[PDB]
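What follows is each chain in one-letter form.
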Amino acid sequence: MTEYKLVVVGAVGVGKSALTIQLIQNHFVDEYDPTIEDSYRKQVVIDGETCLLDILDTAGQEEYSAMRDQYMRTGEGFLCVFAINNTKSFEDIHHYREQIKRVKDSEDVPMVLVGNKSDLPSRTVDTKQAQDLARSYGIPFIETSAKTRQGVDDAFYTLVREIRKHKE
Ligand SMILES: O=C(CN1CCCC1)Nc1cccc(Cl)c1
């Protein structure tokens, strides 16, 4: 059973746990817990094939940069979780991209751009703007609703497929 390394990255105040735990035990966490190091492994059926998803939720704190580069090198698929409720996180996507490019030693890496907090009316960045910048990354963009849990399933499905496309 293939254990795909899923690296969940994002900014502070986005709601990474609201997406990671979401499809693990089917639960939307509201409480703000500063995720430092959590691991989620579940048998996920992707493309009619049950694979053991190895998800690692880390801290978005910039105090962990050296340790970040280490696990980033061991990561295969990167989950860029950013909230559309904050424009800073959108302009910082390229910032994190540069670091990922360095650790992966490649300009091409299987990743997905998920617009978290799409269930919030306080939307700042528009869907088209998000897709516009996504073309440069070569990665798909999906609006991941946290409270409604809409788009989260397809987002995970697409990511795994991207990783498989990279491998084979
Ligand atoms: O390291 C783990 C957890 N597995 C490793 C063996 C115990 C289960 N997951 C993970 C996910 C993405 C990136 C990296 Cl570096 C690790």
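Residues numbered from 1 in each chain as written, not as in the entry; some residues may be left out. Heavy atoms only, no water.

(A) Representation of the pairing of strand 2 (residues 37-45) in the model. Summarising the sheet, strand 2 and strand 3 (residues 50-58) pair through nine bridges and their orientation is antiparallel. The residue bridging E37 from the neighbouring strand is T58, located in strand 3. Hairpin connection from strand 2 to strand 3: four residues lie between these consecutive antiparallel strands, with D47 at a positive phi of about 65°. (Pairing = 2+ DSSP bridges. Helix = DSSP H or I, 4+ residues; strand = E, 2+ residues; numbered from the N terminus.)

(B) Expanded view of the environment of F90. Here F90 is to be found in helix 3 (residues 87-91). Between the alpha carbons of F90 and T124 there is a distance of 9.7 Å; along the sequence they are 34 residues apart. With near-sequence residues (within four places) excluded, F90 lies in contact with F82, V125, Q129, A130 and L133. (Contact = heavy atoms within 4.5 Å.)

(C) Structural detail: empty space enclosed by the protein. Scanning all chains against the criterion turns up three cavities of 30 Å³ or more. What the largest cavity holds in volume is close to 90 Å³. If you trace the largest cavity, you find it lined by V9, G10, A11, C80, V81, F82, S89, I93, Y96 and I100. Of all the secondary structure elements, the ones that give two or more residues to the lining of the largest cavity are strand 1 (5-10), strand 4 (77-83) and helix 4 (93-104). The residue inventory of the lining of the largest cavity, partitioned by class, reads eight nonpolar, two polar and no charged. Here the second largest cavity is characterised by a volume of approximately 50 Å³. Forming the boundary of the second largest cavity are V8, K16, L19, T20, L79, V81, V114, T144, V152, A155 and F156. Every element with two or more residues in the lining of the second largest cavity is listed here: helix 1 (17-20), strand 4 and helix 6 (152-167). Top contributing element to the lining of the second largest cavity by residue count: helix 6, with three residues. In the lining of the second largest cavity, the residues fall into eight nonpolar, two polar and one charged. (1 Å grid on protein atoms, 1.4 Å probe; cavity = no way out; pocket = protein on both sides within 12 Å on 5 of 7 lines; lining within 4 Å. Points joined across faces, edges and corners; volume = space filled by probe spheres on them. Nonpolar A, V, L, I, M, F, W, Y, C, P; charged D, E, K, R; others polar.)

Any functional reading would require information beyond the geometric quantities listed.
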